[PDB]
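Here is how the chains run, residue by residue.
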Amino acid sequence: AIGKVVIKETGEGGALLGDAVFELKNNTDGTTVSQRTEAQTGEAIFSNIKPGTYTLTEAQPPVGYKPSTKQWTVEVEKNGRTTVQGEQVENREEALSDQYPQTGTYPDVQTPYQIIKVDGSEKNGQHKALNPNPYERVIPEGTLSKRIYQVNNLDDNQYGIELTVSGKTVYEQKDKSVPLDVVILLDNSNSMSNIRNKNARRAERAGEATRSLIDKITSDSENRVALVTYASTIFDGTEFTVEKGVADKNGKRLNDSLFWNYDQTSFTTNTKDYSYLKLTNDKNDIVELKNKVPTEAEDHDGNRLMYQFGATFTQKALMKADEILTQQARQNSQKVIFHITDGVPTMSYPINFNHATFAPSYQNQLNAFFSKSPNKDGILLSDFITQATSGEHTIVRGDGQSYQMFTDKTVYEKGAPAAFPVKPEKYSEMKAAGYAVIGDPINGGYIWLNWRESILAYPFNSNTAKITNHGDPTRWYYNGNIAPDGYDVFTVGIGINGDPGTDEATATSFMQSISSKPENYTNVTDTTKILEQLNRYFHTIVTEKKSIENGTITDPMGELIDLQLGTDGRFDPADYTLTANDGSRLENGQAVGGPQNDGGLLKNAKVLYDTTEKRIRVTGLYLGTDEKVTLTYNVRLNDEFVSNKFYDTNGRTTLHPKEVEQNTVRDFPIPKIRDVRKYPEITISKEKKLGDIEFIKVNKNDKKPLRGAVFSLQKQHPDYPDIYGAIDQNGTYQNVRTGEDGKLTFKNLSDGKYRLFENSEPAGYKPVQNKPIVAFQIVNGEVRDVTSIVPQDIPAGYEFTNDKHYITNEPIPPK
Ligand SMILES: [Ca+2]
Ligand SMILES: [Ca+2]
Ligand SMILES: [Mg+2]
């Protein structure tokens, strides 16, 4: 139903000829179809020719032209390939059909995918190739993809094919049915400022590490995360007040900073909102939470208001993590805190000592507090003051000055008690405001400085127990209210050395005591290794497994699709590429490169080609999240294609993510290519036909043939009408003398008007001396209008009898 052959006829030098008539007959059934050279195009076209062998014959030629003595053989193959046997022809461009399949179906789970036209495959308004869309498929193990990624040679049906595979990293808890509920506590104190610490980039690196840890925790959709950012308070967007400054010896407060007036003893503002105080596993919420992670801290000194909020109130942060897990964690979940900090506490909530007259000794009081804690080693939250109607700043201990709570109220400078200078012009004002000014209005004076009450040890005059640093209460807080809960608590310190107010050994002991075991604190000195350390602690509670583990791609070529092996006809490294996104590659069959220069992701990958099965396999794939391999190779549509028909480039194309699981198979989507077969066009050069006509000279009476008559054939002159002359100047058909058969035979005669003259009768016949006998015309090489022109009474005649032209002579009668 798909064979085709076209015949053109030329003539006059080479102009195109109309009206020819052809026949195509099937040599096994005898069936016939006939076709006529069409009017405008000058072509005779046979369409829709079925497989088999044919004879093609010219039934009639155009008017004017000789018939053809030639019969052509026409074989149509099972695929519609039309050949005219042992004959030179032009093969002509054929138009592509407008039929396209619209979908493929994934065998594995039986779902449709769309199919679209490939750019660069357009040929005259139609397309030769189709890609799946999308060409990349999401799978539980990552993604896979297959497409034509380039057209190498459109006219020759040559394309480049690309397959990719990307993996997934899976974290599994020691108990699968127990997901994680995680709070991250993140220090945003001023010391985290990126330019501080010799440009250590603390904030940005701890922030980038936090974001990456969130990605790892939440890659399992069951796990939930929350984020607490802290410094002098929880950074949550709410309005907050801090106090600053020192005091004179009667306790009248004053800010000795040169950035502020002496009466600026408190600061109020909204903090930045760097917290996400809700455990969540919703993807949109997680996006929002990671955007709240700070990558800066306050860069300026104390001339900025926000600097006043950037000390280290560790207890309050630990409190917020315990609150979130207590209030929001699931019953059956592993509860975790990751705490990233760069300093020891410099603020804490006061232990609620009783100062009434008959109250027990401070040590007795404290021992009773320890006695209520679960492990007899800490203080319950209800035995601290953590709220006040006048505000937190009125009860909190410390302000960022030191880990110590000073046991001497005196501020020292240069080896001696320090005084605030009061110039003569401020003497009256500071004296009237109620400060203990020493000096006078002429010379000015000074105000001896003391640390304010809330920065000192308390109870300050105790003869028994006395709290002298912010670590002890924070640690007792932890032991009393966090340790009995069974949380995993990991602490990553950044450059911790005990500044301000203590040393590296106390700082280390303290950070260990607010982690769930001492190994669960690590101090990082290189800020580029914060993520590595968070990751290490992550890996004590999960095991990591890659989803593609000695995976295999199996990629059979489609029916009538040939893998390009180039001239050697052998599959070798010139015929494919295999690269991966760690920069590794197969090079001459060997895996090279990657950041460790060991072949990286491709270290164990092989590309094989089974020549019997026409199939590529890629073995040895090991891929986690963001690990991706690419295979490319070239194919060509086989010469035996069926015209217009789309061929899949591959058979069933599969990824087995794990050789360990032989029945887990994922399908790749499949491209298609086609071509339209050219048809044979025979051009026939036709010969103009020329006229012929024969007369028999005979006796009038008995119609016997006569020898010895002489005739001349005249032709009308092309210019003048009344004027017949010789045909050429050689001697052609001039004085032709008849033989015993009587025949006058004319052939190869051009078109036009002719007059046959009898020059002389034969011996024994009435004289006929140069007389016109017959007129006729040759038109389109045929004899027309054969008429007698014998003059009246001349004894010659013309007769037409039993299909023959006769010229008669009358014998001389008896004397
Ligand atoms: Ca608790
Ligand atoms: Ca090769
Ligand atoms: Mg700090």
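What to know about the overall build of the chain
Part 1 of the argument: Helix and strand counts for the chain come out as nine helices and 58 strands.
Part 2 of the argument: Its C-alpha atoms put the chain at 195 × 70 × 45 Å along the principal axes.
Part 3 of the argument: Across the chain, the fraction of contacts at a sequence separation of at least 24, relative to all contacts at a separation of at least 6, is 71%.

Comments concerning the packing of aromatic side chains
Part 1 of the argument: A complete count under the given rule lists 21 aromatic pairs for this structure.
Part 2 of the argument: Ring geometry for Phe370 against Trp476: centres 5.2 Å apart, planes inclined by 70°, an arrangement best described as edge-to-face. Here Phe370 is found in helix α5 (residues 362–372), whereas its partner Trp476 is found in helix α7 (residues 471–481), with 106 residues between them in sequence. Pair check on accessibility: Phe370 and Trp476 agree, each one buried.
Part 3 of the argument: One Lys or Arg, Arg137, reaches over the ring of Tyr106 and ends 3.5 Å from the middle of that ring.

Thoughts on the nonpolar core
Part 1 of the argument: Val183, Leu185, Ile337, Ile351, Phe353, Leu366 and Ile379 are the most contacted members of the largest nonpolar core, which has 47 residues in total.
Part 2 of the argument: Counting only elements with at least two residues in this core, the list comes to β18 (180–187), β19 (224–230), α4 (314–328), α5, α7 and α8 (504–513).
Part 3 of the argument: Counting residues per element, this core draws most heavily on α4, at six residues.
Part 4 of the argument: Non-local contacts of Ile351, meaning those with residues more than four positions away in its chain, are made with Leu366, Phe369, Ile379, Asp383, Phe384, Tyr458, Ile467, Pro473 and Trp476.
Part 5 of the argument: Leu601, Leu602, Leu621 and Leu631 belong to the second largest nonpolar core, which has 40 residues in total.

Thoughts on the sheet that holds strand β30 (residues 419–422)
Part 1 of the argument: Sheet architecture is open: three strands sit in the order β30-β32-β31, paired in antiparallel fashion. Every interior strand has two partners, whereas the edge strands, β30 and β31 (438–440), have only one. Across the sheet, the axes of successive neighbouring strands diverge by a mean angle of 20°, strand direction being ignored.
Part 2 of the argument: Bridging between β31 and strand β32 (residues 444–448) involves three bridges; their strand directions are antiparallel. Counted as the bridge partner of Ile438 is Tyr446 from β32.
Part 3 of the argument: Relative to β30, helix α6 (residues 424–432) is tilted by about 115°, and along the sheet it contacts β30, β31 and β32.

Thoughts on the coordination of the calcium ion (ligand 1)
Part 1 of the argument: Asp322 (OD), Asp322 (OD), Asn481 (O) and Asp485 (OD) make up the full set of protein donors to the calcium ion (ligand 1), lying at 2.3 to 2.6 Å.
Part 2 of the argument: Of the residues examined, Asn481 reaches a relative accessible area of 13% and is grouped as buried.
Part 3 of the argument: The partly exposed category is assigned to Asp485, whose relative accessible area is 38%.

A word on the coordination of the calcium ion (ligand 2)
Part 1 of the argument: Every protein donor of the calcium ion (ligand 2) is accounted for by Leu565 (O), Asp568 (OD), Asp568 (OD), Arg570 (O), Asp572 (OD), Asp575 (OD) and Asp575 (OD), and the metal-donor separations fall at 2.4 to 2.9 Å.
Part 2 of the argument: Mapped onto the sequence, the residues coordinating the calcium ion (ligand 2) show the spacing L-x2-D-x1-R-x1-D-x2-D.
Part 3 of the argument: You can call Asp572 partly exposed: its relative accessible area is 24%.
Part 4 of the argument: On the accessibility criterion, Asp575 (9% relative accessible area) is buried.

Here we look at the pattern of salt bridges
Part 1 of the argument: A full pass over the atoms with the stated rule returns 46 salt bridges.
Part 2 of the argument: Residue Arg652 pairs with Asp667 through a salt bridge whose shortest N-O separation is 2.7 Å. Of this pair, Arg652 sits in the loop between β44 (647–648) and β45 (654–656) while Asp667 sits in strand β46 (residues 666–667), and the two are 15 residues apart along the sequence.
Part 3 of the argument: If you follow the salt bridges from partner to partner, you end up with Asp610, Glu613, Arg615 and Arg617 in one network.

Here we look at the pairing of β32
Part 1 of the argument: Sheet analysis places β30 next to β32, joined by four bridges and oriented antiparallel. Looking across to β32, one finds that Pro421 is bridged to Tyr446.
Part 2 of the argument: Remark: three residues form the turn of the hairpin made by β31 and β32, two consecutive strands paired antiparallel.

Here's the deal with α5
Each full turn of the α-helix corresponds to 3.6 residues, which orients residues three or four apart in the same direction.
Part 1 of the argument: Inspection of α5 places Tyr362, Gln365, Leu366, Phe369 and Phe370 among the buried residues, and these make up the whole buried set. Relative to the axis of α5, the buried residues are bounded by an arc of 140° and lie together on one face.

Brief notes about the side chain of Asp181
Part 1 of the argument: Mapping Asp181 onto the fold places it in strand β18.
Part 2 of the argument: At a separation of 2.8 Å, a polar atom in the side chain of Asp181 contacts the side chain of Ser333.
Part 3 of the argument: Dropping the residues within four chain positions of it, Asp181 is found in contact with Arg224, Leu279, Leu325, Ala329, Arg330, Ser333, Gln334, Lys335 and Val336.

Concerning the environment of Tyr647
Part 1 of the argument: Within the element layout of this structure, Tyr647 appears in strand β44.
Part 2 of the argument: Judged by relative accessible area, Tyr647 falls into the buried class, the value being 5%.
Part 3 of the argument: In this structure the C-alpha to C-alpha distance between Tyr647 and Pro671, which are 24 residues apart in sequence, comes to 8.3 Å.

A word on the sheet that holds strand β25 (residues 334–341)
Part 1 of the argument: Reading across the sheet, the six strands line up as β24-β19-β18-β25-β33-β34 and stay open at both edges, with mixed pairing between neighbours. Each edge of the open sheet carries a strand with a single partner, namely β24 (276–280) and β34 (521–524). For this sheet, the mean angle separating the axes of adjacent strands, direction not counted, is 15°.
Part 2 of the argument: Of the strands in this sheet, β25, β33 (488–494) and β34 touch α8, which is tilted by about 135° from β34.

Remarks on the domain arrangement of the chain
Part 1 of the argument: On domain assignment, one finds that the chain holds domain 1 (1–93 + 677–689), domain 2 (101–168 + 547–676), domain 3 (169–244 + 265–405 + 460–546), domain 4 (245–264 + 406–459) and domain 5 (690–812).
Part 2 of the argument: Computed over C-alpha atoms only, the centres of domain 2 and domain 5 are separated by 85 Å.

Some thoughts on the packing of helix α2 (residues 202–218) against helix α9 (residues 530–538)
Part 1 of the argument: With their axes 9 Å apart at the nearest point, α2 and α9 run at an angle of 30° to one another. It follows that α2 is roughly parallel to α9 by the angle criterion. The chirality of how α2 crosses α9 is right-handed. Within the contact between the two elements, α2 uses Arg205, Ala206, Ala209, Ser212, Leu213, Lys216 and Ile217 and α9 uses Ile530, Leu531, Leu534, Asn535 and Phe538.
Part 2 of the argument: Here the contact of α2 with α9 is composed, by residue class, of eight nonpolar, two polar and two charged.

Side note on a negative patch on the surface
Part 1 of the argument: Taken together, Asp692, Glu694, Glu740 and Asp741 make up a surface patch of like negative charges.
Part 2 of the argument: Residue placement: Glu740 occurs in the loop between β52 (736–737) and β53 (743–749).
Part 3 of the argument: Judged by relative accessible area, which is 71%, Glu740 ranks as exposed.

Parameters at a glance
- Residues numbered from 1 in each chain as written, not as in the entry; some residues may be left out.
- Chains lettered and ligands numbered in written order.
- Heavy atoms only, no water.
- Residues with missing side-chain atoms left out of burial classes, pairs and counts.
- Helix = DSSP H or I, 4+ residues; strand = E, 2+ residues; numbered from the N terminus.
- Contact = heavy atoms within 4.5 Å.
- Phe/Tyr/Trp six-rings, centres within 6.5 Å; stacked < 30°, edge-to-face > 60°.
- Buried < 20%, exposed > 50% of the residue type's maximum accessible area, 1.4 Å probe, protein only.
- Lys NZ or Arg CZ within 6 Å of the ring centre and 35° of its normal.
- Core = buried A, V, L, I, M, F, W, Y, C linked by side-chain atoms within 4.5 Å.
- Pairing = 2+ DSSP bridges.
- Axes fitted to C-alpha atoms, helices over the stretch in contact; angles between N-to-C directions.
- Donors = N, O, S within 2.8 Å, 3.2 Å for Na, K, Ca; no water.
- Salt bridge = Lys/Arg side-chain N within 4 Å of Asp/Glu carboxyl O.
- Arc of directions from axis to C-beta.
- Polar contact = N/O pair within 3.5 Å; in protein donor to acceptor, adjacent residues only side chain to side chain.
- Domains from an automatic or database assignment.
- Parallel < 35°, antiparallel > 145°, perpendicular 65-115°, else oblique.
- Left-handed = near helix turned anticlockwise from the far one by under 90°.
- Nonpolar A, V, L, I, M, F, W, Y, C, P; charged D, E, K, R; others polar.
- Patch = residues over 30% accessible without salt bridge, like charges linked within 9 Å, V, L, I, M, F, W, Y side chains within 5 Å.
- Areas by Shrake-Rupley, 256 points an atom, 1.4 Å probe, with all protein chains shown as cover.
- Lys, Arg positive; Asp, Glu negative; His and termini not counted.
- Charge placed at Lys NZ, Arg CZ, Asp CG, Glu CD.

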